[PDB]
Structures are given as structure tokens and as C-alpha cells.
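Read through the structure below, which is laid out as C-alpha cells, and then see the notes.
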Amino acid sequence: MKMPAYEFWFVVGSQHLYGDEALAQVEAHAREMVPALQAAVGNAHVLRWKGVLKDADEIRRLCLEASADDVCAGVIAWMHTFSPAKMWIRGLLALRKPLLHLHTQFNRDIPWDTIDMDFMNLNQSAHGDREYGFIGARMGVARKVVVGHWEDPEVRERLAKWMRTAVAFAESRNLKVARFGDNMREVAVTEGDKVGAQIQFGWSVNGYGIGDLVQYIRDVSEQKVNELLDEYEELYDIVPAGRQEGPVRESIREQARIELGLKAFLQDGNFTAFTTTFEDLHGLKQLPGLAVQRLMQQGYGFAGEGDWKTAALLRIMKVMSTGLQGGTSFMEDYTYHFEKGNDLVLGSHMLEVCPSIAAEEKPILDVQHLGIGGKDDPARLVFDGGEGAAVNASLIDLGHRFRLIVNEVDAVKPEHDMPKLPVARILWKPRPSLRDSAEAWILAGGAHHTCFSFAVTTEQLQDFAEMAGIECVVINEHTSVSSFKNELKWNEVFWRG
Amino acid sequence: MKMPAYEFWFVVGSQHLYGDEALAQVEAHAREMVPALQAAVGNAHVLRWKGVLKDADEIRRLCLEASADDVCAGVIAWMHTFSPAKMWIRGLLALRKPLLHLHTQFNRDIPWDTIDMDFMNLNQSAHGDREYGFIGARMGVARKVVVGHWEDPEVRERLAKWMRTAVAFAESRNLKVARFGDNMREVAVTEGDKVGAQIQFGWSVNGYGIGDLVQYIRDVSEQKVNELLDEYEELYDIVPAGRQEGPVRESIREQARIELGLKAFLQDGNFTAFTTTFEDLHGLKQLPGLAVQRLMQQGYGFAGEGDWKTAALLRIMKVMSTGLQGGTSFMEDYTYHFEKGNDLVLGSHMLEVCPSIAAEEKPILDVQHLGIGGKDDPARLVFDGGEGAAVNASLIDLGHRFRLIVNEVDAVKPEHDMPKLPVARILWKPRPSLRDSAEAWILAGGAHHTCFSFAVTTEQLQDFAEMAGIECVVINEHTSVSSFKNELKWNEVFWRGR
Amino acid sequence: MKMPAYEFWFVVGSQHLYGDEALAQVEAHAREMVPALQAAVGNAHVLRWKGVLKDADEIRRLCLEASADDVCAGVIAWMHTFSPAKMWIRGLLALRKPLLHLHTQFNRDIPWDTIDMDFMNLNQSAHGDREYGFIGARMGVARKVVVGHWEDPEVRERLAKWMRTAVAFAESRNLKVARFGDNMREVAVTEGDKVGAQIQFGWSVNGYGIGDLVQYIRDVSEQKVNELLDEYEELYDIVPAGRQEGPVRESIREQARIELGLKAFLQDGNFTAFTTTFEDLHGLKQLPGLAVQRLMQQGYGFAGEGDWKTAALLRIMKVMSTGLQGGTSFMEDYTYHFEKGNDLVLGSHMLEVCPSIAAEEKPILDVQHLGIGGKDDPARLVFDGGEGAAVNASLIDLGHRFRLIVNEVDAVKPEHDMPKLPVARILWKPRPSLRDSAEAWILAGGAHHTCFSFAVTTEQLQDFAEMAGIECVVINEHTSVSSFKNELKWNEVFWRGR
Ligand SMILES: [Mn+2]
Ligand SMILES: [Mn+2]
Ligand SMILES: [Mn+2]
Ligand code: NA
Ligand code: NA
Ligand code: NA
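Chains as they are written, first to last, in the deposited numbering: chain E, 1 to 497; chain C, 1 to 498; chain D, 1 to 498.
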């Protein structure tokens, strides 16, 4: 997936009171910082220099054009000198893209010997940013605040992380989701108000019949299915039974047909996420398995059993984790392992696990019996899950508002092999332990379908929740369950209304 | 300036159930305690013995008289034996002065040999104060609670500090502020709802024209300024350029004239705080600088750019220290020092920093170029800031309610001197560090004008906020940024319409 | 007075299901309606016909441009056929302009002979707008809803009123107010949160010193002052004492200087409303009187004693009263007349009554001793107020939110003359009576300064409050006071927190 290049407008605030001379000093400092801060991180995204802003009307024009530009994904604001905040009121009302408030100073030390009134009037960010911060508090605007020196490497790393989530938010705003079928019957976590989700996040989620998708698979070029079968054999290890032209190899060709038809449909409608349900497979030979795994590799959002929210959420987590070495997948929490030394959980799905979370071992393509769905034996990629720290998140619908639950876990490498299990799986230790992660997750109402990621941080998800105006609950190393209960109660009283 | 000398009514509660004989022992215990707490680092600070209260009408008469007496600055109540709390209901409704609930005991140990029913009927505060406590919670009255023995130095230290806070609150109740000019143009944090401020704290904030001040400076005694120059030369070190008669010497006498005229005007209207703006000086020669520093040392609250909130807060924070050393000043956060190891902050203003916060060096009188204001080069005191634990306070207006933000800092001594810097300055390390103190302060909506003090504690500011019915957020050594965000949200849910 | 010409984007909605052919009839009907809808009360403002919107991206781009174009002052939307409302969500999210929802039908009768499936697929507005209506309720966006046929005269007349108030709303967002001095001291209703007012309506209210204005009166060319004095003799009826060359004629020249300086400064800062206070007049010869009333006729908003809220309201009511009778003025309720048959009120100010509300008798230029202000005797216009139905409105600050109180009155012609009264005055009968309107007004917290106007209706003010998101209470003929109390109570619980 490629996305429209996004920009970030770097804006400095100032006054006319300190003279026409100081304005040149500010402009010079900013023209010095923006390209050097664009070196940093850097090349992935674009920092554009949008001038010094001194009057209310000038800044109002800026944030109105920012709200009109689809390429602008956020404004970074910094008060170099003292800018009076009432000028920013009329402006902040119109600006809708996310605001980063960069509280920095140009110089790093105070020149104790040669500091005069002119310097004290030029590099006074310490209270100008305080003024701006107050206006941001009194208007109640969603804002990230990053404090430090702009040459300090942690501030640069934080800027990169924020820009990543901001472009993910921009894609979320125009997000299209396609559902083939309906929900698994009587399932509650999968249900939500689509209209409320579009007013909150902007997701347009629409339901198509499965027949339209079968119709799209009818018009796929078979030359392409054989050429794609060649790429499968080059990338994955086909079972010897399926390396020759038997019945098991036609199931792989059938899954290639399904993938190409899904590609055609998703590309025609500008969809970035889709969902399928096993309860509605009238016209397909087999339940889509390998196809959805490859589409997840391509960058598409997916979730099973008709879960449009979790699919959308993984699409957003896919986009906010372009620190190339990602690792992101649809997940379900299947079973526990209660051994006192290493309490761990085995997670997977019926078929649809993305290979982004795999191990250096090349995944193996296999066909095996799947009785859930009542269809033909499906083809799937099988692999063990990698090892490292990760986060698994789920978005749920409380009825009047959304909740984002994120649990930091550590994925561990499997000690033993699992020979009779014919689906890809991953093993992890949740934090702060098994009993406390599970208890806290149940208390928060967490879903069973989860979005697992190696490259999304807790900061990124908290920042997305802040841009979207939704509660974010975090279960990590410091989470006590007794206090987590009261945290939930107080959050519910805050977010009501 | 000085204050109308406030007293504190000490009241002990009991009932008629245990007999008239026990009542005499209770009154005796209280008559023993009151003078001991009236020496005990008390005085100057007068504790009056307001009798034992046993009847509902007796109690309500007391708190009705207390709310009508302007000299009473607070009631301290202690339940010696079990006094039923419904008698206090009608009372607590009428009392409008700060309440300290002293949960104490007369004796220190249990006399294991001679304890009987008669002893258990005298010193049952352990549950009597619980009874009273419930009525304080169920009626929702603002009360401070101090637990311990009345000879414990911790209880005495907290009583003294609380009496300071209560007298500061009493001064806040009748606080008058005079504004010379308007707000600095499009500045938002300096602006606020005056009427909402009178209903919350009682501050009478009124704006006078700047010409009304010039009218007062014409009527100053011309040799009163010469008399003030002698005090200047005795206390401060004038630059040699100003020790004889030249252009530098006229600038010092003009600031002395400004000081004398301001004194006359502020005392004429019983004002205790005032504000000036550099945008409105259409009759003065120079922006008031030396004069403002002298008046802040005299005990007046001041803030620049029309900041009546910061000025009022400075006057009350000056008063809650009354007998300490003691520095307190109006301040603005001017520059950072990002030396990896030395998170440091340089704070000052254009001119108006109080010498109460200075070091031991006697301040220097100077004249230098001030480009903001367009007036004459003004004379001011310059000095380096002292070192010690300190507080940064700011009162802000969220629109429907006020917020008091308090940051604990440690002021450090300047290692190098700043020769070309023509303003007095102070250096501090904020807690828990600079980076996340700034982060949390921006998140909390803190103003740029801050009230700096060496002698005011966080306890005092929390207690003032408790008496005033306003949210108080404290950012100190234990303050984390992640939890600070959600704690702010929960505070907003509690204080929204309270 | 300038006022940038504003346009209104007219948008029709439908879908792609009914074909490229049905879309053509939709577009054809719309280009027939829009120019025909610009005939009717459409000469001040321009109705622009924007594309038919059928997909979410067209709607989003349209509503993004509408909120980005400064010339667009509002969108008029009509669902010709069934447009699914989810496509409209993101657009309504981005739209920051007033929305009028016109629920109409192209044809007026249904052709019983030729009605088939195609007719039911083309003119299904009756349910197409209902879908849209739900989203307007579900997102909680401010909406006017007008139902009827697009050739019906009442819908067109209501469209005119809404377009006037929408242009006034566009002017409110760019409203600048300049204050010469502060509020009248210790006056509470005139005080408010300026920052909250910029967040609610967009008013930028800033205070300049009166010396800044005196400087502008010093730099006015007196040649122009004499040229304006020449206009005075042609328009107004000067007192015999002042038609010759003496001291009484110099007061008119001084007010001409005041007018020229006020104009110069007000246009120098692009201000549209201003306030002056008599408690701060250091540097002016006389309290501004004639000048302020002439500038109020020019289209400026004014209020005395520093009343920026009433000043802004006067400008907004002046702008929505561009059709056209159309008197509008600053007001104060000075005295009652308790004659049990014609209970009426006499209203005016110290000097500052705008001649827009005058009668046809030519106003008289007069000078008399004015002790309020303590300055020289000022020149002023004197006249009696006209007659007709009118509204006097007041905007007040509840601390956490604003309230717009509107009382409909009937202005009466004076029966007796007022020879010794040296101020312009107006007499009116409030509804439903004097003693009942006064009770309702006191309960609603109405100010003493009121904005009185003959040409702005109650609907326009109700709709302005709806566009601004503020409570509007109306006191008219049907107002019972018993139920008026409860309306206030229920409104207070609804309006806390938005
Ligand atoms: Mn399942
Ligand atoms: Mn300042
Ligand atoms: Mn008045
Ligand atoms: Na499609
Ligand atoms: Na006075
Ligand atoms: Na100007």
C-alpha cells in the first residue's frame, strides 16, 4: 500500500512588539531548524516550513488552509518568543488536523557573559509556550506536548513517532471498510454503531454480498493465477503433495484465484480493510485463508467473523508502524499454558494469521482439513511466531462511546515443536503476569479478536486515542488490578458525555 | 501593609450525659491547653478560649457570632467527650470562617492502673471526633483535620501554618486590587472574569485610569523624594554614575516620586495589590520599576501587563508567610539552561522583581535602556537570587472555575555572574526535573506569570484552595506525567459544577 | 459601511442509483430554482448554485471549501431525491458555516394522470430530507429547517431573514471591539469573560488607553472639522445660541474633532464596535456625545460605561437589520410611567442615543451642563423616538455561559413634551405588561443596557443564538411568569456544558 505523501507544517509564533529586527532572528532560527530537523526522521515524512505567525488573521489563514489541505497531516507549533494567545483562539477553532506543541529552545546553554535584554527578548520560549499551553487547556483541544531541545535525539525520536501516528490518523479519517456478509450470529463484541464510528473516526463501513465477490473472482485472468502460483512456490515451501499437479495443488490455485479477485474488488472500491465471515460462504470453494494472509502482508486491514472495527484498527496500526521492521497481524487468544516457570499463551486464528509476525524460517504452504465453515479443505501459510516485545490492542463499543484496550506483552520463541497443529501460531507472556493481564482485560471488557504488533508502541496508541477523543486503557508492567478497577470507574465518569 | 490582627476561637465540645462534674474537668483541660498552644510557637497569634459547647443553641450562637466578628479568622474545634453532632448541624450551616478540626487527646498515655468508667467518660475523643467528623463529611463543609497530641511538635507546626493560611484567607476576603490600564492586548491568560473572582475569593478588582496616578504624583512633597534618596543610598548601592547630579540621578528621583505617589494612591483607597501595564503610560516619564520593587518589598501584591490574578495571588502568598524569611516575588519564566546534568531555569521580568528574594548582597541601583514601553530609561534594583527550596504558584481562569497550579522548585546560586544582563534574576531547578515539570505545567494550563516564594509551603496553598473551593494541582518530586494527565481529567470531572 | 459582500452556496443532494438521466432532471430543476430564488429578497446577497452532490467525496470537498472560503457565509441544502446520509457525515464534520435545511418540493401538485415509478423516483423529497434530518439530529449540528414550496412567499420571506442573520453571524466572527478605558467601577453586569466571548462568538475585544485616542484627535486636520461643521447645519436643527460664532459653537466643533478622531482610529484598527467610559476621560475636552451617536448611525456598535457585550450586540443587530426601516440603538431603562392604562417606560442614556430610532422631526443640536463625567458641557442630538413594534435585547454573562434575553415592545409616540429634558428619549410599552415583563426580565438576569431596534425580529435573534450555541429566552405577549421561571430552570440544566 502507498499513501498520498503527507506534510507537516512547522509554524513558529511571535509578536511585533519586540521589533522588526527580532522577526528576522526568529525566521533565521526556524529556517535553520526545519531542514536540520528534517535530516533526523526524516526522509520518510515531509516537514514544510510555513513561516512565522504574528497576527490573529495570519494564523487564522494558516489553520484554515491546513484544514483544507488533504496533504497536510498535522501542524507542529512552537512559540519562539511571546505570542499572545487570544490571536490563536479564532485559529484553533478551525484547525482539525492534530496539533503537536514543540516546547523547545534554540540555543542549548545560556551565554552567561554576553546575555542582554535583546537575548532575553529573543529566546524566551519558556513562557511563550506556557501562554500557548494555557490557551490549549482553556479551549480543550487535543494536543501532543513534547518538551526538550530540538537537537536532543529523544525529542527527534518522539517527533518521528508522533508523525507516524498522525499520518495513520489521516488515513483513518478517510478509511473505507468492506464487509462480505454479516456478523457471526449472536456475537456481541463484533457489534457496534457504524454511524457513531464514522462520526468519531471517519470510517465508512459498508456491507457487500458475497456474490459480488464471487462475481469478481469469475473475471480474474488465469494466466495471472499461474504466474502467482510461481511466486508462491518461490517464496513459500509448498508441501511435496502440492508441489506436483494433484488435487492439493488446485486448492492452492483456487486460493490464488480468491486472492486475485479480492485484490480486484478491494482496488476498485478504494478499500483498505475488509472482513469475511464463515457463516456466509455461498459461492466460494473454500474459506479464504492464504488470500487474506497475503492481503494482510500487502497492508490491508482484516478481521474474521465480520469484525469491521478490529480490521480497521489493524489497518491503522499497520500505517502507524512504518518503522519498516514492523510485525502486525490479526489475532485471537486461543489457549493458556499454566506452567509455574513460564506462564504463556498460544494465540492464532482458524486460518488467517499474517506472516509479518513470522520467524526467519520461510513459512510453509500447506493444505489441511478445516471443518468450521463446511467448505473445501483450505490452503494456508504455517509458521511459528517471532520473539520480542509487542502490543496487542482491541477497540470495543460500550454503546455510547468507544474504548481502546492495549496490553504490552513479550512474545517468546517456542521451546517445543507443535507437529499436529496445522495453523500458524504465536506464544507470548502478557504483562504484568498471566492472572493480572487476564483479569484486567476481562474487567475492561476486552474483545477476543485482537490486533497484535511488534512495531506499534503504547505511546502511539495513546496518541491516536487522544486525536480521536476516546479512552485508552493500558495494561503493562505497573498495572495493579485493584487500582485498575478504580481507574476504569473514574475514566467512565470522565468520558461520559 | 499591616493587618487588622486576627484571633482564633478555640472550642471544645461535650454533652450533659456524663454529668456537670466531668464538664468542669473538660473546661479545666481546655483552659490548660489554650495558653500552652498560645505560647507554643503561637504568639504573635492569639488563641481565645471560647468555652465548652454542650447545647445546640449554644453552638449555633457561637458560630453565628464568629461569622459576624471581623476579628475572628477561624474556629478550631475539638470534641473532648462525645458531643452528638446533630446539635452542630444548624451551627455548621451558619459558620462562614475556616474550620480546623483538632482530633487530639489531653493525656498522652493510658494510665493502666486507674482507668475506670470515669476516665473512659472524659477522654473518649477517639470516637467523639469520629461523630463530629461524619457531620463534617455529610454536610460537605471545608475543614482541615489535624490528628495527634497537643504537645506533639508536628501538631503545633501544623496549627501555626494553618493559622497563617487562615489569616491569609481572611485578607483575601477583603482584598482590593487597583488596575492602572487594561490587559496586555491579545493576551488570554492574563484575562479573567472579575465578578466570578469576587464570588469565589472576594477580591474587589477595579480599574482606574492611568491619569488618576499622574494627578497624585503632582501632589507629592518635593523634599519627601529627597528624604527617600537618603534611604536609597543607605540601603542600596547606587551606580557611581548616579551618586552625583546628572541624567542618571534624575531617573532615580523620578522612580522615588512614582513610589511616593503610588503609596499615597494605594493607601487612599485601602488597596493591597495593584497592576501596571507598559501599554498605558501616557503621563509618566518611565515605566515604574524601582518604585514597584520597593512597594513589593513593603508588602503589596504586583503583577505586570494588568495581571490582577497574579497580583492578588502575590498579596495573599506574601501574607501567608508574615513571619518568615520570607522572600516572595512576581516572576516570569524567561529562559532555560539545557546543560546535560544541570537542568536549569532563569526567571525574571522586565524590571519588577522584589528584593525580598535576593541574596545577601545589598541590591544595586541602575539605569539602563528599556525598549518596551517607549519611555525614559528607568532605574531599578539588580541582584542575584538566593538559594533554597521554593514554590511557583499561578492562579488561572478556566471560564467556569479557577485552578491553582503549584510547582515545587529548588533555587540555586548562580555560578557565573551576568554583567550585561541589566535585570535582577533567579535560577532554579524544578521538580521532579525540568523536562517533565514543563510538560506537566503546559498540560495543566499554567500561566506564564508565576508567583515565586521561599516561605510558602504546598500545605498552605492546598489549604487555601480548600477554603476557597478551587482545584489545587501540585507538581512535585512524586509527580509523574502519565498519571498527571488522567488525574487532571478526574479533577475536572469532580470540580465541574461543584 | 463596507461589510464584505457575502454569498450563499445552494446545494442539492441525490445518489447514483436512479441513473445519469434522473441526475439530469435533478440538475435541471435546481438551475431553475436557484436563479428564481434569487429574485425574491435577493439583491443584497448572492445565491450561488453549486454542483449536485451524490458521493461522500463531493460533499466533503464542498463543505471543506465552504468553511475555507471567507466569502461564503452559509450553505443552503436540499435533498431532491433520497441521498444516503452517511455520505454527508464527514462533510458536516468539516463544515464551519451556518446551515439552512430547505425541505421543499419542485412541483406543487402531484399529476394524478402522469404519476408513475419515475415520478416517485424523482420528486421523493418528502422522505429524502427526513433521512438527512436524522443525521442533523444525530450529529447535533445547528440547523434551521424551513418547510414549504419553493415558490411559497412565506418560505422566501423566511429565507431572507435567515440570510440576513447568517451574514450578521459571519460579521460577528470577524468582530473587533476597541475599548477606551475600563468598565464603570464595581459594575457587575457589564463585566464578562472576554476570552470566553472570543471562543463563543469570535469577538476580539481589546482595550486601548484614552491617551491613544486623544493623540488621534490632536492629529485631525481642522479643515475637515470645519467641513463637517458645515454638514451639521444642513442635517440637524442647531440651537439659536450656537448658530453664531461663540462658545456654544465651539462645543460642536469639539464634537466634530471627536468624530474625526474616532473615525480615524476605528478605521486604522479595522474596528467595528467601541466603548467609552466617563470615569476615564483624561485628555478629552468633553464626554463624547454627538460624535458617538453619529458613528452609531454610520453602522458602528457602541455602548457606554465600557459595555463591550452590548457594543458587540449593537453591531450584530445593526448588521442583521440591513432591511431596512430600520432603527437600532443603544439604550438604558431610565424611568417608568405607571398610568394604569398606558404603563410605559422612558429610555435614553447620558448623551449616547443613535438617531436611527428617531422620528421624522429633525433632531436638535444642544449643549447643557452634564455633571456625570466631570468634564465640559458636551454637544448632543435631541429627538423623540419613533413608533412601531420593536425588540430590546441584552447579552449577559452567567460566568460559565452567555444568555441572550429579548423583550418585544411597542414604541409609542410621546403625548406630552419634555422641554427641560436635554437628552434624546423613547417611550415604549413592554409585553405582556410593565410589571410582568419587569419581573420576567429581573428573573432572567437582564442587563440595564439594552439593544433596542425596530427592524430586527425575534426569529433572527433566536436563530443567532442557535448559530452561536447559546440560550435565548424570549419575553413576549404569551409569556406567563409562572412558567417562565420553569423554562429558565430547565434551560439551565440543558445548557450547562455546551
Ligand atoms: Mn472465533
Ligand atoms: Mn510579562
Ligand atoms: Mn449607563
Ligand atoms: Na466496488
Ligand atoms: Na482612590
Ligand atoms: Na490602531
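Ideal Cβ placement from N, Cα and C applies to all residues, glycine included.
Relative to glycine 371/C, the option among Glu7/E, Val12/E and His16/E whose CA is nearest is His16/E.
Contact between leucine 102/C and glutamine 25/C does not hold, since their C-beta atoms are separated by about 18 Å, which reaches or exceeds 8 Å. Interface flag for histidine 282/D against chain C is set, since a Cβ pair is found closer than 8 Å. With respect to the 8 Å criterion, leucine 395/C and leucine 404/C are classified as neighbours on the basis of their beta carbons. The beta carbon of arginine 138/E falls within 8 Å of a beta carbon belonging to chain C, placing the residue at that interface. With respect to the C-alpha of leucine 324/D, the residue from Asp343/D, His349/D, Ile357/D and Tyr300/D having the closest C-alpha is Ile357/D. Contacts with chain E (Cβ-Cβ distance below 8 Å) from the segment 244-277 of chain C involve no residue at all. A distance filter of 7 Å between CB atoms and the heavy atoms of ligand 4 selects the following residues in sequence order: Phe265/E, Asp268/E and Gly269/E.
Nearest CB-CB separation between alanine 311/D and chain C: not below the 8 Å threshold.
Judged by DSSP secondary structure, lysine 176/E falls within the beta strand (DSSP E) whose first and last residues are 176-180. For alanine 468/E, the enclosing alpha helix (DSSP H) covers residues 458-468. Any Cβ of chain E closer than 8 Å to the Cβ of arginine 401/C would place that residue at the interface, and such an atom is absent. When Cβ-Cβ separations below 8 Å define contact, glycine 446/C makes no contact with chain D. A distance criterion of 7 Å places the beta-carbon of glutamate 186/E beyond contact range of ligand 1, judged by its closest non-hydrogen atom. Taking 8 Å as the threshold, the shortest C-beta distance from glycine 371/C to chain D does not fall below it. Residue ranges of uninterrupted alpha helix (DSSP H) with 4 or more members are absent from the segment 342-386 of chain D; none lies entirely inside it. Looking at the backbone, the Cα of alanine 312/C and that of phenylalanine 302/C are separated by about 8 Å. Between the C-alpha atoms of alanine 66/E and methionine 163/E there is a straight-line separation of about 15 Å. Rounded to whole angstroms, the separation of the alpha carbons of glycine 497/D and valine 141/E is 16 Å. Between the segment 323-337 of chain C and the segment 346-353 of chain C, the count of Cβ pairs shorter than 8 Å is three or higher; the stretches touch. If you compare the alpha carbons of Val406/C, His478/C and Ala166/C with that of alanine 468/C, the shortest gap goes to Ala166/C. Note on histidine 369/D: under 16 other CB atoms within 10 angstroms of its CB, so exposed under the neighbour-count rule. Here DSSP, grouped into helix, strand and coil, assigns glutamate 7/E to strand. Among the residues facing chain E, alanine 22/C is not included, as its CB has no counterpart in that chain under 8 Å away. The DSSP-derived three-state label of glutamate 408/D is strand.
In the three-state reduction of the DSSP assignment, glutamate 332/D falls in the strand class, which pools E and B.
Looking at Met87/D, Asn107/D, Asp55/D and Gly211/D, the one whose alpha-carbon comes closest to that of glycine 148/D is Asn107/D. Residues of the segment 174-200 of chain D with a Cβ closer than 9 Å to any Cβ of chain C, in chain order: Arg179, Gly181, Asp182, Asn183, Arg185, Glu186, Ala188, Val189, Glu191, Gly192, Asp193, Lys194, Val195, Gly196, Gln198 and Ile199. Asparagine 206/D belongs to the set of residues whose beta carbon lies under 8 Å from a beta carbon in chain C. With its beta carbon less than 8 Å from one in chain D, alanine 94/E belongs to the interface. In the assembly as shown, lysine 318/E is a buried residue. Its beta-carbon has 16 or more other beta-carbons within 10 Å.
For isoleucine 135/E, the closest Cβ of chain C is nearer than 8 Å. Taken through DSSP and simplified to helix, strand or coil, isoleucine 59/C comes out as helix. As DSSP reads the structure, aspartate 307/E sits in no beta bridge. Here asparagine 121/D carries a helix assignment [DSSP, helix/strand/coil]. Taking a cut-off of 8 Å on C-beta distances, the segment 55-64 of chain D does not touch the segment 113-128 of chain D, as fewer than three cross pairs fall below it.
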